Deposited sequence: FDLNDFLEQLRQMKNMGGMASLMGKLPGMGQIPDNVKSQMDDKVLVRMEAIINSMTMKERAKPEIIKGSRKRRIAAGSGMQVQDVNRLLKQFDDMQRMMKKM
């Protein structure tokens, strides 16, 4: 379960935008997304870093709930 999937699933538009600012690698293997990338991603989807963090936080919880069935 990667960011490509979590994407399938008005505030959800802002979520898309954030994922649409990543690279194929960043989605497939999110854990490689540290400071520098976050910055690029935020500024890229007209967002702020915390919004990216929030998202990533969400995907995590979301993935977590997956690694439990």
property	result
Stretches with no C-alpha position, numbering per deposited sequence from 1	10-42
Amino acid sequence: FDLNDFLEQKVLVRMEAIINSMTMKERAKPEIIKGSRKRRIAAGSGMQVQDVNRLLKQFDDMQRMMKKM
From here on, numbers count along this sequence of modelled residues.
property	result
Greater mean Cα temperature factor according to the PDB record, 16-24 or 57-65	57-65
Within-chain third of residue 45 by Cα B-factor, per the entry	lowest
